Ligand SMILES: Nc1ncnc2c1ncn2[C@@H]1O[C@H](COP(=O)(O)OP(=O)(O)O)[C@@H](O)[C@H]1O
Ligand SMILES: Nc1ncnc2c1ncn2[C@@H]1O[C@H](COP(=O)(O)OP(=O)(O)O)[C@@H](O)[C@H]1O
Ligand SMILES: Nc1ncnc2c1ncn2[C@@H]1O[C@H](COP(=O)(O)OP(=O)(O)O)[C@@H](O)[C@H]1O
């Protein structure tokens, strides 16, 4: 009785584990893409700051 | 000087000396009186038999319990039972031993006042004290934190305790116990043809309950299984021959603990009152209460009650907590064991109610301070 | 001989030795007392628990802060907390160490007088000194010029400094801090169904605040976004299971720092009081004040608070100045770090208030010279 | 066209027409379901009984309140109760009447959203509105300034008003009310021998509370007096004969409002939360708040509660203010009376939430605008 109890319970544990794992790797993809996005924003900001200081010296 | 521990209970007296591993005297809390005539001159018939002497002359006596639902409802019979316990079972003199009595929570004050008055006046104990059965059960379990479910013969109660602090607003007391299950079994056995109506027959049915009944992990499919095959049927032999065979009654009798609607009560099962008592406690201690459900008393001795209890509470509690039902193999004497441990402590010897304090304050000393 | 630094604060004690890089002991400034009964005889009941021992037993205790708004309002509890800090956490003898206490600006004189009297009498410190939190924060930031916004658990204050000169007429002290945000969050969570009323539940809500709350760069469109989608919802798990999920509360809680009308206060947000304290200074130093806003304290630790602060001050100041919000990653211990630096300076060893000066001058010596 | 006023409450439904002096229908907010078998073929057994029909048949029913602490926790039962209120008690058609519902302050938003959605969809009211109980109580008291203390069956709350302006940051809500006093009395009566466990027995105990309980002016000497003599003992007769007599329980039950630690709560008494709500208000209006404490609701109907309240607040407030507890003799229906007054005003007929506004904005309009 207790054996089949724990067995079904922990097979469902492996179920939520597969789900939480899928969400984990999806969040890893999210993390890497967000690093790339903030890196693109970093080059955006470096470029715009160079432009700002150059053109402000001009002004 | 050693002290006495006298866990009374509504179905079984368990007495002994503080410091032992187990009670020295365990006998039914019962007083029998003869019904029939008595014809043999010179037989020397007694007026009333107590304890297990009334259990062997069972056939000619009418048996009465002086404790109904944790409450002493016949004080002369209770005096007889205490006199027996002291003089014939323990064979001591109560004038030379402090006595530790025990009581369920949430029952009238007159009960404790009369206990104290009886002890001090008609037994001349040097001191006494009235503990709570659940606290002693926790002492015996060897922990200071947990929600103990005590279920004896008259009353079922939960007491949540944390770090040695009781939560008296979350104590929940229920009034179905071993005796109501015995009565429900006496009533449920009539649908197979067996008819027990006498008090002696009530004792027979109690023995049937203690020997053949168990708790089903899943009640519905267990019912269907018993209906399909006949592998659940066992046989019992009454004390005159006449074997009887019972089927689904085996697990329908203790199922009442989880569906008290079988006996027309409105309460919830023991699993649900345990969960409610937990959810009535402060949110920071209930995770440690969830993992220290201590079981105690005789009515918690059915095979499979811990598994069903854990299944039910797990189904109720959040899916992250670790539900642990602690069911020792000797939980029928946990109250007495804990009482002996308590009465043996050195730091307890100032908690007694001395005779002089009683002489000063009256019987009201008991709950007013101790 | 080394000296002690004892940044008290109204939510956390941070103590250590002058010369270290970080406080050696960091525990809640709290004192708990049992509210429930206590049944297990011999459990060794303590009268009161302090520090983070009272934090683990908080299920059965009633917690109290002896400091309300930077002011010590319970001197017995504060003496308990200091005794703990010296003997159980740091494990030293206060008779062998000068002590550097810390205080917020613009709070009653009796506070410092009682501080120094307590030290010199019931601890027999060889010498002591009471600094200002913002000055020490500036020491730790490695500057001599800037307007420092300190925001702890009880009080928020700005202190503008220039070349090491304070402008005491421009000091502005505000009385909403971490604790008022915790209370506002306790009140805002009720509109989702969650009810926290106990002091222990106040600690739970404080942890929710420290884990899930952030400052929105633009409050209105953030509000509309939270109303549109549900991507802002995080989930928290209380210490009994019972996952809760919060939505726009995450940024509605710390937004009170910028709109103190949410809790029914009449003041202006921290950005506006910073700008006002700047504009109360001489027109020559405020260009250097605009570029040295030094954030400090625990309440300045929300994600996105530096950017919102910079946006707001930029919108207020002239369109030519360079607003720079300096927010170190360790800014929660800047006061203690600066206090250790200060107490380690060799030129400081003449600024102590020696025991003999106190014996000559009474407790009034503290503010009268030092 | 006339409008409906439907003060719901957690223990009693009070309905009627806007413009009357008293509610037309007052019945318990309770739904009963049969508990037992049912053997008489053709009796025409109903599925469920509501209102006070479920109260006279309560011997065979299990009663359930669909509102626990001001929150509606069973929406089918609440729909049954509203259907009953409209069709059998008032005997109207909800399609022809605006409806003014009422709600306690500081409770979840889904409550009001579901209220308005239920009304507009399953009753097709032309318009509706959800007021706050304390504001209506102040309307009925004939005032525009005062701190009203409402105390019904589920929740006790203070709302301070000045000149018609609410101070939403000083609103204090507490969750002990009539029902928790009923439960505490059910628990305290067991120490005399009486055992009430059923829901019908809970109704019996509620009536005992409404008939025999009062608030002691000085709790300690009242306790000593009840201990000394026996003149405080009254007698009550259950609905089967079998009289019971209660002593100090009479004033120990409502005393819980002033010491909520009796039921294991950590909050302060109603006097202290009233004082705190006042001291949370601007220093200029609190002199006028001290003199306009308006008592409302059923739980404020104990004899001697106004005197005890005034004594306590006078002991707390400065010795120059004039504390005036305003306790009307009809204060149990103040919320409904004020609701009728409000729904009768000409300048109110633009504050309704028309069906068209709901059709445009969804159920979320109820708090977004009104
Ligand atoms: N092995 C068992 N299985 C099931 N029930 C039992 C068993 N032993 C005792 N009981 C029940 O326990 C009751 C006595 O338990 P006990 O703990 O002694 O009660 P009390 O403490 O009130 O005397 C009896 O009514 C009996 O029905
Ligand atoms: N990571 C965090 N995010 C948001 N708030 C925080 C964080 N850490 C601490 N706090 C807040 O800061 C307060 C403690 O800050 P602290 O600087 O120690 O105050 P004090 O100096 O008065 O002790 C707490 O009330 C808490 O609400
Ligand atoms: N005369 C009375 N004395 C004391 N308590 C009363 C009295 N009448 C009613 N109550 C209490 O008031 C409660 C009902 O009050 P009411 O204001 O109708 O509640 P609600 O506003 O939630 O409907 C009941 O629980 C009852 O215990």
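Taken together, the values in this text are just the output of simple stated rules run on the coordinates, not laboratory data. Ideal geometry is used to build each Cβ from the backbone, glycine not excepted, and the neighbour counts take in all protein chains shown.
Observations, loosely collected:
- Against the list (1) within 27 Å of residue C:224 (Cβ to Cβ); (2) within 14 Å of chain D (Cβ to nearest Cβ); (3) not in a helix (DSSP H, G or I), the condition residue C:266 fails is (1).
- The listed residues are B:262, B:258, and the only one of them that is over 29 Å from residue B:162 (Cβ atoms) and either out of contact with any strand residue (DSSP E or B) (no Cβ under 7 Å at 6 or more places or on another chain) or more than 16 Å from ligand 2 (Cβ to nearest atom) (or both) turns out to be B:262.
- Residues in segment C:125-141 that are surrounded by fewer than 20 Cβ atoms within 10 Å (Cβ to Cβ) and either within 16 Å of ligand 3 (Cβ to nearest atom) or over 18 Å from residue C:23 (Cα atoms) (or both): C:126 alone.
- Failed condition for residue D:146, given (1) within 11 Å of another protein chain (Cβ to nearest Cβ); (2) more than 16 Å from ligand 3 (Cβ to nearest atom); (3) touching a strand residue (DSSP E or B) at 6+ places or on another chain (Cβ under 6 Å): (1)
- Residues of segment C:59-72 satisfying the condition of being in contact with a strand residue (DSSP E or B) (Cβ under 7 Å, 6 or more places away or on another chain), more than 9 Å from every other protein chain (Cβ to nearest Cβ) and in a loop (DSSP other than H, G, I, E, B): C:66
- Candidates are the residues of segment B:352-370 that are under 11 Å from residue B:130 (Cα atoms) and either buried (at least 16 other Cβ atoms within 10 Å of the Cβ) or without any contact (Cβ under 8 Å) to a residue 40 or more places away in the chain (or both); the one that is nearest to the chain's Cα centre (by Cα) is B:366.
- Residues that are touching a residue at least 24 places away in the same chain (Cβ under 8 Å), within 30 Å of residue C:210 (Cα to Cα), surrounded by fewer than 18 Cβ atoms within 10 Å (Cβ to Cβ) and in contact with a strand residue (DSSP E or B) (Cβ under 6 Å, 6 or more places away or on another chain) are absent from segment C:277-285 altogether.
- Among the candidates B:303, B:328, residue that is within 19 Å of the chain's Cα centre (by Cα), over 15 Å from residue B:147 (Cα atoms) and assigned to a loop (DSSP other than H, G, I, E, B): B:303
- Residue count, segment B:175-216 (criterion: under 15 Å from the mean Cα position of the chain (by Cα) and either within 16 Å of residue B:58 (Cβ to Cβ) or surrounded by fewer than 16 Cβ atoms within 10 Å (Cβ to Cβ) (or both)): 3
- Only one of D:113, D:121, D:95 that is surrounded by fewer than 22 Cβ atoms within 10 Å (Cβ to Cβ), touching a helix residue (DSSP H, G or I) at 6+ places or on another chain (Cβ under 8 Å) and part of a helix (DSSP H, G or I): D:113
- Residue B:263 meets the conditions (1) over 28 Å from residue B:148 (Cα atoms); (2) within 16 Å of ligand 1 (Cβ to nearest atom) in every case but one. The failed one is (1).
- Cβ-Cβ under 7 Å pairs, at least 6 apart or on other chains, segment D:188-200 side within 7 Å of chain B (Cβ to nearest Cβ), far side part of a helix (DSSP H, G or I): D:191/B:109
- Just one of the listed residues (C:344, C:340) is within 16 Å of ligand 2 (Cβ to nearest atom), more than 14 Å from chain A (Cβ to nearest Cβ) and either under 19 Å from residue C:97 (Cα atoms) or in contact with a strand residue (DSSP E or B) (Cβ under 9 Å, 6 or more places away or on another chain) (or both), and it is C:340.
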